[PDB]
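Everything below concerns the one structure shown next.
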Amino acid sequence: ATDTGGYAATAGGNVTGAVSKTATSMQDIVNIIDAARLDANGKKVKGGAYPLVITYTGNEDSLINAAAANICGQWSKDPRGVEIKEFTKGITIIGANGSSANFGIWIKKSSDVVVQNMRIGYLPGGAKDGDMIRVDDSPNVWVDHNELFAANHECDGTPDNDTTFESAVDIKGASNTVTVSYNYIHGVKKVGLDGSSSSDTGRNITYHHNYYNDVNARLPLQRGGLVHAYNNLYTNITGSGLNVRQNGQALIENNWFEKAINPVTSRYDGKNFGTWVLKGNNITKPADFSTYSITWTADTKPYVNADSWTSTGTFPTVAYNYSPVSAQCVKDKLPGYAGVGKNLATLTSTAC
Ligand SMILES: [Ca+2]
Numbered sequence: 001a002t003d004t005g006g007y008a009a010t011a012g013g014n015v016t017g018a019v020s021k022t023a024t025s026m027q028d029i030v031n032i033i034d035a036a037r038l039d040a041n042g043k044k045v046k047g048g049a050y051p052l053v054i055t056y057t058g059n060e061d062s063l064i065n066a067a068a069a070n071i072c073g074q075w076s077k078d079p080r081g082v083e084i085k086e087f088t089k090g091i092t093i094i095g096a097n098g099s100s101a102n103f104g105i106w107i108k109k110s111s112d113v114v115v116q117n118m119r120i121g122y123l124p125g126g127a128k129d130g131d132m133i134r135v136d137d138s139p140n141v142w143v144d145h146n147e148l149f150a151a152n153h154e155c156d157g158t159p160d161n162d163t164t165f166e167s168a169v170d171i172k173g174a175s176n177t178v179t180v181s182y183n184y185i186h187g188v189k190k191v192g193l194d195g196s197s198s199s200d201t202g203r204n205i206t207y208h209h210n211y212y213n214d215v216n217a218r219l220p221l222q223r224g225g226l227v228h229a230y231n232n233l234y235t236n237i238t239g240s241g242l243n244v245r246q247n248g249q250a251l252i253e254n255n256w257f258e259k260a261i262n263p264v265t266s267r268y269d270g271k272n273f274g275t276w277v278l279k280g281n282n283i284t285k286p287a288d289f290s291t292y293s294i295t296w297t298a299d300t301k302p303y304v305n306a307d308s309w310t311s312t313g314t315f316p317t318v319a320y321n322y323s324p325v326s327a328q329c330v331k332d333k334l335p336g337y338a339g340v341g342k343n344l345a346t347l348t349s350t351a352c
């Protein structure tokens, strides 16, 4: 089963010949992947030597709790993270229930990587790209059922006044197909890029069944390409939501928006506005803005908000197979399926 409910089609390390390993720490994960690059003779194999399923059982609550008590001390520290570079054999990193990490997972030039059941929070090194999850030049990546959090707050005097904490899930480069699903993202200022610059356009990404709460912006900040966002619960968005730029196209369907400022917009460039197809969300017309506390603001540069709440473009036929529940059902049920310790459970119409 390579079915992710989105553009990514991968089973990760859960394939034939997979080697199961238990990592009790960050360093263990590093050592396991490194050992996975060697053949029977001890020589390195490009792409990796065999598939891997790593169960992370470590717990870094101590680090997380101390950081939560002193958020402004995090940005200047060294960033902490496990890099998965040029590993194409298939790899799955799944956290054990009760495990936690104060380090990120950085994926570079890999493919067929699945990250599940990881509770990652309050990472250090926001000023040095301390992302929780980074997907760079990596197709077929599935980020599912994780809890990514920090504090939706900017400390004074941080570089660019935007580095107190880095992102939850930054995607860039040739990460052509990615599925970000069933994640509980809360207390994050910059949630995630979909393109690192005006030139880094493209990719086909699906965000489904995510539960966003108390987040400022970038859900995602899209640069070109296609984005399918369905069955997500967006609540307490304090800056802007999906920002569709550089002529990107988005299909926004069956989502629940509430207490959100600029939930769907195209701003900051002043040109080449992206488009959106809106359908089945709890909001159906401008009259609903008051009902669900949806606020809109302007930008100093030319922008387009979805304040008329109408579709501004088209969207190709969704390649994959999927079936969304109603917006109401995500509002009612989602918080129980999103995140860690839910045994990777999925929300189906049956449960509505
Ligand atoms: Ca980043």
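Numbering of the sequence shown is given in PDB author numbering, commencing with residue 1 and proceeding in unit increments.
Just so it is clear, CB atoms sit at the ideal spot from N, CA and C, and this is done for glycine as well.
Counting only residues of its own chain and dropping the five nearest sequence neighbours on each side, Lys46 has a CB closer than 8 Å to the CB of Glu86. The Cβ neighbour count for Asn152, taken over all protein chains shown within 10 Å, is at least 16; the residue is labelled buried. In this structure, the CA atom of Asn183 is about 31 Å from the CA atom of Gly157.
Non-local C-beta neighbours of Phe273 in its own chain, meaning closer than 6 Å and more than five positions away in sequence, comprise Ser266 and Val304, ordered along the chain. When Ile237, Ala217, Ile64 and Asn102 are compared, the shortest CA-CA separation from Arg80 is found for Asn102. Separation of the CB atoms of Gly13 and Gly125 is rounded to 28 Å, and the pair is thereby denied contact status at 8 Å. Neighbourhood of ligand 1, defined by CB distance below 7 Å to any of its heavy atoms: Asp129, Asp131, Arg134, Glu166, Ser167, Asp170 and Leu193, in chain order. For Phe289, the enclosing alpha helix (DSSP H) has its first and last residue at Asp288 to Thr291.
By the Cβ-count criterion, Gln246 is buried, with 16 or more other Cβ atoms from all chains shown falling within 10 Å of its own Cβ. With 16 or more other Cβ atoms from the protein chains shown falling within 10 Å of its own Cβ, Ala306 counts as buried.
Assigned with DSSP and collapsed to three states, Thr57 falls in coil, not helix or strand. A contact is defined here as three or more CB-CB pairs under 8 Å, and the region 206 to 218 fails this definition with respect to the region 123 to 138.
Membership of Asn213 in any alpha helix (DSSP H) is not indicated; the residue belongs instead to the beta strand (DSSP E) covering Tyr211 to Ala217.
Comparing alpha carbon positions, the residue from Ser293, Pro51 and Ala23 closest to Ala36 is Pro51.
Take the alpha-carbon of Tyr230 and the one of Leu251: they are about 8 Å apart. For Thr310, the closest of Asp129, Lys190, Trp276 and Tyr268 by C-alpha to C-alpha distance is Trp276.
Shown here, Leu251 sits in a strand according to DSSP, grouped into three states. The alpha carbon of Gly17 has as its nearest neighbour, out of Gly48, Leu226, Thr24 and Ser25, the alpha carbon of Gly48.
By the criterion of at least three beta-carbon pairs nearer than 8 Å, the region 318 to 338 is not in contact with the region 289 to 302.
Note on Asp136: 16 or more other CB atoms within 10 angstroms of its CB, so buried under the neighbour-count rule. For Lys285, no alpha helix (DSSP H) encloses it, and the DSSP letter there is neither H nor E. Here the alpha carbon of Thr163 sits roughly 27 Å from the alpha carbon of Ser99. DSSP, reduced to helix, strand and coil, places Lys77 outside both helices and strands of the structure shown, so it counts as coil. The Cβ atoms of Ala96 and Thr55 lie closer than 8 Å to each other. Taking all protein chains in view, the Cβ of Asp39 is surrounded by fewer than 16 other Cβ atoms within 10 Å, so the residue is classified as exposed. Closest by C-alpha distance to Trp142, out of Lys108, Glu166 and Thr206, is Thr206.
Looking at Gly225, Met132, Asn216 and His186, the one whose alpha-carbon comes closest to that of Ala174 is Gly225. Short of 6 Å from the beta carbon of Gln116, and not among the five residues preceding or following it, lie these beta carbons of its own chain, in chain order: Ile94, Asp144 and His145.
Of the candidates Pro286, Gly280, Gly248 and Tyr337, the residue whose Cα lies closest to the Cα of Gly195 is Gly248.
Just so you know, the alpha carbons of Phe165 and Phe315 end up roughly 34 Å apart.
DSSP places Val141 in the uninterrupted beta strand (DSSP E) bounded by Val141 to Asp144. Burial is judged here by how many other beta carbons sit within 10 angstroms of a residue's own beta carbon; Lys190 has at least 16 and is buried.
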